[PDB]
Amino acid sequence: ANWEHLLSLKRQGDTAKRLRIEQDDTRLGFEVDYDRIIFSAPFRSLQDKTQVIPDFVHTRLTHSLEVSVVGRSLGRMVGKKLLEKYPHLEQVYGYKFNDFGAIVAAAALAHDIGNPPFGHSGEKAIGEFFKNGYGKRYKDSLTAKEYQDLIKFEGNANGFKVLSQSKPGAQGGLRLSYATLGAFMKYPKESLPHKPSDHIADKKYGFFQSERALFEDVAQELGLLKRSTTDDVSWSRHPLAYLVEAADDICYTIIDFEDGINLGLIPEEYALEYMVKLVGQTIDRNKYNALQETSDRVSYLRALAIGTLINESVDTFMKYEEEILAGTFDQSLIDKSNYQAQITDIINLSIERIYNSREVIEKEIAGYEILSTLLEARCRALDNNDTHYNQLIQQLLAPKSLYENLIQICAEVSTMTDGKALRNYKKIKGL
Amino acid sequence: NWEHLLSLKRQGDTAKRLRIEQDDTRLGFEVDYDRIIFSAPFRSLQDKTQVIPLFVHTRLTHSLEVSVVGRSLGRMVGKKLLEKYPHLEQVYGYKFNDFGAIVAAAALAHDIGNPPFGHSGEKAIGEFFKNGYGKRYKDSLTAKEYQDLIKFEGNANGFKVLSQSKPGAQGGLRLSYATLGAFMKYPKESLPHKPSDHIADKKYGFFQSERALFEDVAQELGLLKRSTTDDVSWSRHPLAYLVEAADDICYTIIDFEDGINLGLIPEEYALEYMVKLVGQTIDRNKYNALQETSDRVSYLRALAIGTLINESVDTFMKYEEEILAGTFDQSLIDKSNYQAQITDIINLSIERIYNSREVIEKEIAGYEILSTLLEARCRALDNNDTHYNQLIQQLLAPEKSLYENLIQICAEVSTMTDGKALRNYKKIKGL
Ligand SMILES: [Mn+2]
Ligand SMILES: [Mn+2]
């Protein structure tokens, strides 16, 4: 693959090439991408959507913002080293190290934009509705891939639809640069086959059947390498996708842990115990000992640990840069960390004390009821749009092919805020 | 001199920071942005109301949008400044994105010190010390100390949040001095009160508790001294005009947009008030094809903001030497050719949003919530010996002057999210 092509500035529907050298420095396509996400309705909605815990706890927006900041740093540092390794990219094509920061920052800002409320239980609730709920009836009317899109409904694939949703007067959705869409695509495959390997890029899927033709255009423009040997399509990751993934990995590992401590779910003593190897060479022990509040000590450790992992991930990427370019790299960047034992201890403690706390379990149980009810109401009205009641349901929840209609119902349920889903649920139940 | 106005100095520095010696991947101005993003005060803006009670903009998404608009203003102005004064780049090593970085960080922080409940929030705090319980401190405070309190200023509290030292954290967030300079749109103490009608004299920008800190900042930047008595003031850092412009553009157009999507302003007013602002750049076929009100008004908003950014850049360069000399007496937007349309927009927003029952009700309740919290804190300060007042201290604040204690009480009440302020209020009243 060619970095020249991986850094495409193309937007959907373009009829002429966009030369990097001719970009206006005050309107660089990669940086416009960031601003477009910031002002978009789907991004704004993340303000009222939950990450893990339903006092201050990170929302999807604040999480996405922090990932995009760590991502910009990764892309900036890697970009400087890529331009030193491949100097024609600058001298000939005019790329600059801040271009790489901008691409990673933008894709990182949007990486969770398609996620449904109630976190991962939300996805499972939607899939179960089509696996064994009312949605079962549609199986015989859908292709294997169309149905697999529903029973394994994936927030990452919905995020791609949100970024690229064509509408009357708004073709191409947000019309992000193709390099940014490539960096966003962690799982460059369709829903079938299911886990053809245990490579991270094969663990899930990245686009619905409704968006297959769009990602084909993206993958062709970027010159991504074909990976699947069959009629099921799969491509090797855009190299910058590894940096979006590492920014995400670093943030939820360390910041969930910090939230769990500040919330009282994790005892404080674990902060120094689990992060001491991650911070040992850079911590200022006199500064730490002078800090009086728990939250300031943990935030100091978090900042040191994120700094350590950013620097290491940049070094990992450069060490394996040619394997990533050739699609032969089989792991995440963080998988190769020398602190993998510390990262695993941190994650397993977060799982035990946060994800399995009674409050998270109660929200997940409630999310199953809410989402299932909304899906059944939308689907029963789809099947019998003529009755007076189903018309009211349509007015309240949604003011094409069967598959197109079902994937749209999932996308609309998924982008409801936590509060709108509860309200619509209560009204359908009468409260 | 622009070479001193672009200082990379941080609090406590013992040696000069030359721009030419900065690591491009760790540029001081860009690090400032990251430090704000991850700070507790910035995160707290998640749960703080801007105008309408809690889609609606919070302080967080407002600050985010202002920082994006400010980054564009600074990028465009930075490019023109470097062509006007080429030695800044050729000799000193400054680049046009430095100016974008300084404005973006200062704009991101511009409302970080604001209390809950809007500008009624500040007025409720001032009223507590003017006519409420806090009036008893008047004769134990200097004129400027008391004026700090009765005209409690969110901008001055922001400067406190950004810069104030605590054990283990000297210098607060330790932002670059150029960023602190661009943050300071009122470079004066609380007295004298409005010595002129210039926008820079309308309020004040630092408490007495932070006067020595801004003296260091102003000396390092070389700000022109505007007052010679023992009442100090300086001419604004030129980039403060761009922070102010980005803020003005955002709340003017975005509050209008919010008001239409909430139903408070009939949609027909959108095209009517914004036709001049968008007419030369609007694609009518696109506009007419958009089916949803929210899509039509967000398209007009994007176009109007783009128009005002371009014009503001031109206004800045036209008056650049007067701003550098401290003789510019107006805001950039005050010079806009669209002042008629801006005024109409603001007046309708005032009538339909600011004076709506929902906002009025919320501001009236905030007065009672903040007055109650302030009184509990001051009573506990006045008599720390009683059992009740010890419980209040455990609940709300778990050796300094009277003035420093009162300013900290104000800063801490201002730090509270809307929700945490209400809960603590309810407990005090037993609800
Ligand atoms: Mn994430
Ligand atoms: Mn503002």
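Order of the sequence lines sets the chain letters (A, B, ...), proteins ahead of strands, with each chain counted from 1. Values reported hereafter were calculated over all heavy atoms of this structure, with side chains retained and with hydrogens, waters and symmetry mates removed.
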Taking all non-hydrogen atoms of both residues, which atom of B:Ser414 and which atom of B:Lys48 are closest, and how far apart?
O-NZ, 3.5 Å

For A:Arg302, enumerate each residue passing the salt bridge (charged side-chain N to carboxylate O under 4.0 Å, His left out) test, keeping only those at least two apart in sequence or located in another chain.
A:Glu258

Using a 3.5 Å cut-off and no angle test, enumerate the donor-acceptor pairs between side-chain atoms of residues 422-431 of chain B and protein atoms at least two apart in sequence or in another chain.
residue, atom, partner, partner atom, Å
B:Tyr425, OH, B:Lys429, NZ, 2.6
B:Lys429, NZ, B:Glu368, OE2, 3.0

Is any NZ, NE, NH1 or NH2 atom of the basic residue among B:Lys166 and A:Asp296 found under 4.0 Å from an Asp or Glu carboxylate oxygen of the other?
yes

Please name the pair of heavy atoms, one in A:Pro117 and one in A:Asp418, separated by the smallest distance, quoted to 0.1 Å.
CB-OD1, 3.4 Å

Between B:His119 and B:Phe117, is the ring centre distance below 6.0 Å?
no

If the condition is side-chain contact (heavy atoms from CB on, under 4.5 Å), which residues does B:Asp344 pass it with, not counting sequence neighbours?
B:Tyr273

Please walk me through it: do B:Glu127 and B:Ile150 pass side-chain contact (heavy atoms from CB on, under 4.5 Å)?
CA-CA 6 Å; B:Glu127 169 74 17; B:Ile150 62 168; over 6 Å; no

CA sep, side-chain torsions, deciding dist, call: B:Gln164, B:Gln408, side-chain contact (heavy atoms from CB on, under 4.5 Å)
CA-CA 11 Å; B:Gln164 75 143 77; B:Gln408 198 56 33; 3.6 Å; yes

Assess the residue pair B:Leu308 and B:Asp248 against the criterion (side-chain contact (heavy atoms from CB on, under 4.5 Å)); give the C-alpha distance rounded to whole Å, side-chain angles, the decisive distance to 0.1 Å, and a yes or no.
CA-CA 10 Å; B:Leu308 289 169; B:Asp248 290 342; over 6 Å; no

What residues, two or more places apart in sequence or in another chain, satisfy side-chain contact (heavy atoms from CB on, under 4.5 Å) together with B:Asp255?
B:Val51, B:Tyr251, B:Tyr354

Within 45° cone and under 6.0 Å: B:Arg43 NZ/CZ vs B:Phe38 ring:
no

Listed by chain and number, what are the salt bridge (charged side-chain N to carboxylate O under 4.0 Å, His left out) partners of B:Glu375, not counting sequence neighbours?
B:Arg379

Close side-chain approach of B:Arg211 to B:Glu189, heavy-atom, < 4.5 Å
yes

Under 3.5 Å, is there a donor-acceptor pair between the side chain of B:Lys362 and the main chain of B:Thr49?
no

Minimal heavy-atom distance between B:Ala105 and B:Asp32, with the atoms involved, is CB-CB, 4.0 Å

Do B:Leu332 and B:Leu242 come close enough that some side-chain heavy atom pair is under 4.5 Å?
yes

For B:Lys130, look at atom NZ and say whether over 12 heavy atoms of other residues, nucleotides or ligands are found less than 6.0 Å away.
no

If you count every heavy atom of other residues, nucleotides or ligands that lies below 6.0 Å from B:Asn131 atom CG, does the total exceed 12?
yes

So is B:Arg136 actually on top of B:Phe129's ring, under 6.0 Å and inside 45° of the axis?
no

Ring centroid separation B:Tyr204 to B:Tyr186 under 6.0 Å
no

Nearest heavy atoms of A:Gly122 and A:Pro116, plus distance in Å:
C-CG, 4.0 Å

Between B:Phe183 and B:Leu175, is any pair of side-chain heavy atoms under 4.5 Å apart?
no

Inter-residue atom distance B:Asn389.CG - B:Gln394.CD, 0.5 Å rounding
12.0 Å

Is there a side-chain contact between A:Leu397 and A:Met416, using heavy atoms and a 4.5 Å cut-off?
yes

Does B:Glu244 form a side chain to side chain donor-acceptor pair (under 3.5 Å) with B:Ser331? I'd like the steps, not just the answer.
CA-CA 8 Å; B:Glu244 172 177 70; B:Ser331 90; 4.8 Å; no

Determine whether a donor-acceptor pair (N or O, by modelled atom type, separation under 3.5 Å) exists between the side chain of B:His62 and the backbone of B:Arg59.
no

Take atom NZ of B:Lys203 as the centre, draw a 6.0 Å sphere, and report whether it contains more than 12 heavy atoms from other residues, nucleotides or ligands.
yes

Would you call B:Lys123-B:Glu363 a salt bridge at under 4.0 Å N-O?
no

Should B:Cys250 and B:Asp247 be marked as a side-chain contact (heavy atoms from CB on, under 4.5 Å) after you check the CA-CA gap, both sets of side-chain angles, and the distance that decides it?
CA-CA 5 Å; B:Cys250 280; B:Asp247 187 39; 5.5 Å; no

For the student: nearest non-hydrogen atoms of B:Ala240 and B:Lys185, plus distance:
CB-CA, 4.3 Å

Salt-bridge criterion met for B:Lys420 and A:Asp55 (N-O under 4.0 Å):
yes

Can you confirm whether B:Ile112 sits close enough to B:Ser63 that some side-chain heavy atom of one is under 4.5 Å from a side-chain heavy atom of the other?
no

State, with a plain yes or no, whether a side-chain heavy atom of B:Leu180 is found less than 4.5 Å away from one of B:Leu213.
no

Any B:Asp111 side-chain heavy atom under 4.5 Å of B:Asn114 side chain
yes

Would B:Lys202 and B:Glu153 pass as an ion pair if we require N to O under 4.0 Å?
no

Give the C-alpha distance, both sets of side-chain angles, the deciding distance and a yes or no for side chain to side chain donor-acceptor pair (under 3.5 Å) between B:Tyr403 and B:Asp148.
CA-CA 10 Å; B:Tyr403 166 65; B:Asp148 285 359; 2.6 Å; yes

Hey, could you give me the CD1/CG distance between B:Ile392 and B:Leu381, rounded to the nearest 0.5 Å?
13.0 Å

Using the benzene-type ring in the case of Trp, are the ring centres of B:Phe152 and B:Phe207 under 6.0 Å apart?
yes

Contact summary for B:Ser67 and B:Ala107, nearest pair of heavy atoms
CA-CB, 3.7 Å

Distance only, no hydrogens: is a donor on one side chain within 3.5 Å (strictly under) of an acceptor on the other, for A:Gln47 and B:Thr58?
yes

Walk me through whether B:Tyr133 and B:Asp382 qualify under side chain to side chain donor-acceptor pair (under 3.5 Å).
CA-CA 11 Å; B:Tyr133 179 92; B:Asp382 289 0; 2.7 Å; yes

Gap between atom CG of B:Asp258 and atom CD1 of B:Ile52 - 0.5 Å precision:
5.0 Å

So do the side chains of B:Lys151 and B:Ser190 get within less than 4.5 Å of each other, counting heavy atoms only?
no

Can you list the residues that meet the salt bridge (charged side-chain N to carboxylate O under 4.0 Å, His left out) rule with B:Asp334, with sequence neighbours excluded?
none

